[PDB]
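Heads up: the structure comes next, in structure tokens.
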Ligand SMILES: CCCCCCCC/C=C/CCCCCCCCOC(=O)[C@H](O)CO
Ligand SMILES: CCCCCCCC/C=C/CCCCCCCCOC(=O)[C@H](O)CO
Ligand SMILES: CCCCCCCC/C=C/CCCCCCCCOC(=O)[C@H](O)CO
Ligand SMILES: CCCCCCCC/C=C/CCCCCCCCOC(=O)[C@H](O)CO
Ligand SMILES: CCCCCCCC/C=C/CCCCCCCCOC(=O)[C@H](O)CO
Ligand SMILES: CCCCCCCC/C=C/CCCCCCCCOC(=O)[C@H](O)CO
Ligand SMILES: CCCCCCCC/C=C/CCCCCCCCOC(=O)[C@H](O)CO
Ligand SMILES: CCCCCCCC/C=C/CCCCCCCCOC(=O)[C@H](O)CO
Ligand SMILES: CCCCCCCC/C=C/CCCCCCCCOC(=O)[C@H](O)CO
Ligand SMILES: CCCCCCCC/C=C/CCCCCCCCOC(=O)[C@H](O)CO
Ligand SMILES: CCCCCCCC/C=C/CCCCCCCCOC(=O)[C@H](O)CO
Ligand SMILES: CCCCCCCC/C=C/CCCCCCCCOC(=O)[C@H](O)CO
Ligand SMILES: CCCCCCCC/C=C\CCCCCCCCOC(=O)[C@H](O)CO
Ligand SMILES: CCCCCCCC/C=C\CCCCCCCCOC(=O)[C@H](O)CO
Ligand SMILES: CCCCCCCC/C=C\CCCCCCCCOC(=O)[C@H](O)CO
Ligand SMILES: CCCCCCCC/C=C\CCCCCCCCOC(=O)[C@H](O)CO
Ligand SMILES: CCCCCCCC/C=C\CCCCCCCCOC(=O)[C@H](O)CO
Ligand SMILES: CCCCCCCCCCCC[N+](C)(C)[O-]
Ligand SMILES: CCCCCCCCCCCC[N+](C)(C)[O-]
Ligand SMILES: CCCCCCCCCCCC[N+](C)(C)[O-]
Ligand SMILES: CCCCCCCCCCCC[N+](C)(C)[O-]
Ligand SMILES: CCCCCCCCCCCC[N+](C)(C)[O-]
Ligand SMILES: CCCCCCCCCCCC[N+](C)(C)[O-]
Ligand SMILES: CCCCCCCCCCCC[N+](C)(C)[O-]
Ligand SMILES: CCCCCCCCCCCC[N+](C)(C)[O-]
Ligand SMILES: CCCCCCCCCCCC[N+](C)(C)[O-]
Ligand SMILES: CCCCCCCCCCCC[N+](C)(C)[O-]
Ligand SMILES: CCCCCCCCCCCC[N+](C)(C)[O-]
Ligand SMILES: CCCCCCCCCCCC[N+](C)(C)[O-]
Ligand SMILES: CCCCCCCCCCCC[N+](C)(C)[O-]
Ligand SMILES: [Mg+2]
Ligand SMILES: [Mg+2]
């Protein structure tokens, strides 16, 4: 049972779930301006944990055949957990996630249901179909914050965080698909760069540009102050500059550098929302 | 320069420093009962970060020759950083750590100075001399909490956390040395299980038993309540049981299992201290 617990924790990818759950607490902290309720905190942390755990289990279930060749040591291809045990377990995690969100509010239930639908469909077919898949990665990463946000008293700045995360991550996913063009083509993967070439980079630029337009809104709405504004101004210029560089040099090496750079900026933007929330 | 920064962050082991710094904030949170001051919490986080970073750099400096064999991708054996650049850098980190602790209080300066002395001497000679080295690992792990504790208003429960951490980790280090006897002997390493045989396990038991005796004190002193007590009672019985098992079967396989088990219990004890404090 010490080794069986190790296997179940490996199937749900417990560190990935904890990371997503901290994301949900971050959304809750911003929304409540650090005026944190412990019952509400536990509900946010565990709804995110269970829905994320469900997403990881449903991913392994659909990937059992692929993993038999690629990652044979995973819980399902190795035979340490039976397919039918994993399917029963995925149902439990989902029910716990959905039932716990009923104790937050209707907005939390809607997010939980939408996430569950996206997670199943991503695992089932959209992981390989990048035009829809890129959007799902963006939506799911951002929704984790929104989940904590709807539990708090002031969700508006978290709505902006969610929207900026969705758009910029969706944009960055396209940049990554441009970098991985050769390997994806010889793998039966469909993506915007494979289907449209360098034109896809204009759509990635558009998504980064909408995210930049929304970014000063918490300051404009008088929710956050000067520190948020200064950090967001630096990050907004760096986002535009990074995409202008990719558009001037549309190649694999540049897409790789821009992808790494956008990841760093996104983390500084997350810090800016936290710093803006530190208004106590 | 992003690659040179990457090399410096690898040299200080930035994730290890962040972990130790969170340890310091945990000590501060317990001591102040979550009534956290932002200037005090930045001082605690950064003094711990800089002293920890210094410890990691001084370790790599003394290990430059050994690392050419044991870990050759590290910044100093690989040549990415020169020895003299690392020595200058270690001096900066130390000065920043010591100077920042002056802005906390005299207790923080004393801990910072003691830690710096232990870190240098551990890297210089005591890492290989396990009778003293085991104690240094125990003291340094526990001191991180004590560092945050002395910044807060109620250090007493953190003194107990520090003392229990020191004793149990020192005890666990001996169990680990018993498991690694063969490999240590053929490497010119001196340790209590090499010097004395199974008798060293009585000294490891003594340290654990002493940690167990101190553990109910935050409840006895009326600092923490029922939840702390229940968790500590379970953990105390498991600690005694684990050592009794090792004393009945003093072999490599049992020492290995007991070492892993003690690590889990120590983390539940940390949770008990957090929970005790969370009862504001
Ligand atoms: C009240 C206290 C009760 C606690 C009971 C004790 C249980 C703790 C024991 C578990 C330790 C073993 C961890 C298993 C590793 C799986 C990580 C899986 O790794 C990951 O997350 C992926 O690498 C992410 O991609
Ligand atoms: C901070 C991190 C906190 C960690 C908390 C993690 C909690 C783990 C989740 C518990 C939900 C209940 C599921 C129980 C397992 C049942 C086996 C399911 O398997 C089956 O259905 C098969 O038939 C196996 O026999
Ligand atoms: C054997 C497998 C182990 C499975 C363990 C499952 C863990 C479930 C964890 C959920 C978090 C509990 C938080 C408290 C809920 C309060 C709702 C009460 O509601 C209220 O009164 C108001 O909504 C408060 O805002
Ligand atoms: C095949 C399995 C079929 C599914 C079975 C599900 C398990 C049983 C659960 C049923 C839902 C009942 C919970 C409703 C209480 C909501 C409290 C309302 O709480 C709130 O919203 C607070 O007041 C805070 O807003
Ligand atoms: C009129 C039906 C609309 C149909 C659905 C269209 C989907 C498109 C919506 C996208 C925007 C998502 C953010 C809104 C969350 C606000 C929750 C609100 O949360 C709250 O009110 C908090 O509890 C308080 O802070
Ligand atoms: C001013 C413009 C707006 C700024 C927008 C910044 C967003 C704020 C914070 C977002 C959270 C950080 C996520 C880290 C990036 C990795 C995405 C996770 O996806 C991935 O990389 C994986 O492939 C997942 O499968
Ligand atoms: C409440 C007030 C609202 C404040 C909001 C923040 C303002 C920042 C907005 C971003 C503007 C777009 C970035 C400029 C283009 C960068 C390429 C510039 O091109 C270049 O790199 C040159 O060639 C220099 O080498
Ligand atoms: C407010 C402005 C923000 C500042 C902008 C600076 C950008 C940050 C860039 C980070 C580059 C990542 C390299 C880190 C690798 C070293 C890990 C080495 O650590 C480890 O792997 C462990 O410690 C060992 O267990
Ligand atoms: C005034 C409070 C300041 C904080 C004090 C310094 C941090 C001590 C906390 C960490 C516990 C580990 C102790 C082992 C010695 C570290 C050097 C050896 O380092 C290493 O190379 C590692 O083994 C790598 O994992
Ligand atoms: C081989 C090396 C030998 C090592 C010997 C150690 C060096 C001893 C030197 C003395 C410096 C002590 C400074 C104390 C001044 C008070 C700080 C200011 O105090 C404060 O932070 C607050 O005011 C008190 O709460
Ligand atoms: C190999 C090493 C073994 C590791 C040992 C495992 C430790 C045992 C952990 C399980 C206890 C879980 C308690 C629930 C708190 C987690 C969310 C915290 O809840 C929240 O969201 C907060 O209340 C927010 O402030
Ligand atoms: C095993 C026993 C259970 C212990 C679990 C308790 C969780 C820790 C609780 C303490 C509060 C955390 C405050 C630290 C914030 C700084 C991280 C910010 O770090 C940074 O700045 C980094 O760049 C992040 O990547
Ligand atoms: C209502 C709030 C619920 C919480 C939201 C759950 C979604 C998890 C959050 C992170 C999104 C980033 C990863 C993209 C999802 C891919 C499925 C995950 O599968 C995978 O790709 C691998 O198994 C792990 O890399
Ligand atoms: C108070 C002062 C604030 C005012 C500053 C305004 C800055 C707002 C930010 C965005 C401007 C940058 C546009 C870059 C996209 C151009 C590609 C567009 O080209 C394309 O991709 C087309 O397909 C070409 O036909
Ligand atoms: C409050 C939020 C505001 C929402 C505004 C909605 C904007 C309308 C949505 C569609 C934008 C299409 C992306 C354009 C970039 C692709 C290159 C240019 O594309 C084209 O024109 C050709 O297809 C060639 O690529
Ligand atoms: C087919 C129809 C589709 C309609 C689509 C509509 C798109 C809306 C576009 C986005 C702009 C919204 C910004 C609102 C902030 C106004 C300042 C408000 O003033 C302030 O800053 C106050 O102090 C805060 O209340
Ligand atoms: C009554 C007793 C109370 C105990 C309370 C202790 C709280 C402090 C918690 C942290 C434990 C960390 C142990 C550090 C030693 C290094 C072992 C790590 O080395 C390892 O074993 C390797 O990582 C294996 O891969
Ligand atoms: C792989 C070994 C796992 C050992 C875990 C020991 C659990 C300690 C007990 C903590 C008290 C809470 N509870 C209800 C789980 O007993
Ligand atoms: C093992 C825990 C480490 C987590 C530390 C990272 C905290 C930032 C939270 C980011 C939100 C998570 N995400 C990308 C899934 O949305
Ligand atoms: C009333 C409590 C509800 C929790 C029990 C969940 C039932 C799970 C059993 C169905 C198996 C799932 N499936 C269809 C994927 O194999
Ligand atoms: C038990 C909670 C009641 C909430 C009702 C909503 C349930 C909808 C089911 C969505 C789950 C997603 N799916 C079917 C892909 O697993
Ligand atoms: C594209 C649609 C965007 C959704 C806009 C709705 C904003 C959410 C409502 C904000 C509520 C304000 N408050 C008080 C919670 O901060
Ligand atoms: C990384 C950005 C750092 C700035 C964060 C400061 C937030 C605290 C609010 C402003 C400080 C001014 N005050 C209130 C002390 O007079
Ligand atoms: C890089 C982020 C890692 C987060 C890990 C959080 C664990 C906190 C435990 C504090 C104890 C650290 N230690 C052993 C060095 O004293
Ligand atoms: C409960 C929260 C504890 C507060 C700890 C304060 C240390 C924050 C460490 C991040 C350093 C980055 N910076 C300078 C932008 O704040
Ligand atoms: C005010 C002192 C703060 C920084 C500490 C500097 C000490 C490091 C030693 C550098 C030695 C310089 N040099 C080129 C002669 O080796
Ligand atoms: C900030 C000045 C006052 C504090 C006293 C300074 C003592 C420094 C001695 C500790 C460091 C010695 N070393 C290099 C062996 O680690
Ligand atoms: C047995 C090791 C000795 C460690 C005890 C630490 C000294 C007490 C701390 C001083 C009190 C600090 N403060 C701010 C709470 O008054
Ligand atoms: C082995 C010696 C034990 C260390 C001595 C005890 C230190 C006491 C610290 C004072 C505590 C002050 N208080 C109650 C406000 O936290
Ligand atoms: C270091 C803190 C010292 C003050 C703690 C108070 C002493 C405990 C009082 C004993 C009362 C006994 N009892 C169980 C009947 O309440
Ligand atoms: Mg699988
Ligand atoms: Mg080295």
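Quick look at the numbers
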{"quantity": "Burial ordering of B:126, A:54, fewest other beta-carbon atoms within 10 Å first", "calculated": "B:126, A:54"}
{"quantity": "Test item: B:188-200 mean partner chain Cβ contacts at 10 Å", "calculated": "0"}
{"quantity": "For the range A:72-161: rounded, prolate or oblate by the Cα gyration tensor [a/c cutoff 1.5]", "calculated": "oblate"}
{"quantity": "Among A:156-168, A:8-20, the order from most to least packed when residues are scored by Cβ within 10 Å on average", "calculated": "A:156-168, A:8-20"}
{"quantity": "Distances in nm from residue A:251 to the matching label points in the other copies, shortest first (labels 7 Å along Cα to Cβ)", "calculated": "6.2"}
{"quantity": "Choice from B:69, B:223, B:104 showing the highest fluctuation, given a GNM over chain B with Cα pairs closer than 10 Å", "calculated": "B:69"}
{"quantity": "The range A:1-127 - Rg and Dmax from Cα coordinates, angstrom", "calculated": "15.5, 49"}
{"quantity": "Chain B: Cα Rg divided by the 2.2 N^0.38 Å rule of thumb", "calculated": "1.05"}
{"quantity": "20 Å binning of all Cα-Cα separations within the protein assembly as shown, expressed as whole percents from 0 upward", "calculated": "17, 47, 34, 2"}
{"quantity": "Helix-only mean residue ellipticity at 222 nm for chain A, each DSSP H run of n ≥ 4 adding -39500 (n - 2.57), per residue, nearest 500", "calculated": "-25500 deg cm²/dmol"}
{"quantity": "Residue of B:139, B:28, B:107 that the Gaussian network model of chain B assigns the largest fluctuation, springs spanning Cα pairs under 10 Å", "calculated": "B:107"}
{"quantity": "Residue with peak Gaussian network fluctuation, chain B [Cα springs, cutoff 10 Å], from B:57, B:113, B:150", "calculated": "B:113"}
{"quantity": "Ascending count of other beta-carbon atoms within 10 Å, so fewest first, for B:32, B:143, B:73", "calculated": "B:73, B:32, B:143"}
{"quantity": "Residue order, fewest to most beta carbons within 10 Å, for A:241, B:122", "calculated": "A:241, B:122"}
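As a convention, Cβ positions derive from the backbone with ideal geometry for all residues, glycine included, and neighbour counts pool all protein chains shown. Taken together, the values in this text are just the output of simple stated rules run on the coordinates, not laboratory data.
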